[PDB]
């Protein structure tokens, strides 16, 4: 509901978006660029199931997946940073499937 309200959720232990989710992410990056948003930091996250090491690498791959979409959308490669926070920074409760759902994500951050 507006380009600034942009959530990017992933399936369980999936580090790539599906055709429809990737499509919807593309028009987000398209929308951001059209309003001069220009540079982004991408931070991937996971639920707290599995090993720390797996999740960290998983969250890295999620963020890189989103980075590849922004690059394809026409945003300069140098203007994109990628981080994985693994499971360290949940937005929702991991003890419910609805919460775990919300933690499987990449947060788009716009730096000054």
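Residue numbers count along the first chain shown, from 1.
Annotation for 26-34 versus 79-87: the higher mean temperature factor (C-alpha) is found in 26-34. The mean Cα B-factor in the deposited entry runs higher for 1-9 than for the other of 1-9 and 102-110.
Sort the modelled residues of the chain by CA B factor and residue 41 lands in the lowest third.
Compared with the other modelled residues of the chain, the Cα B-factor recorded for residue 57 ranks in the highest third.
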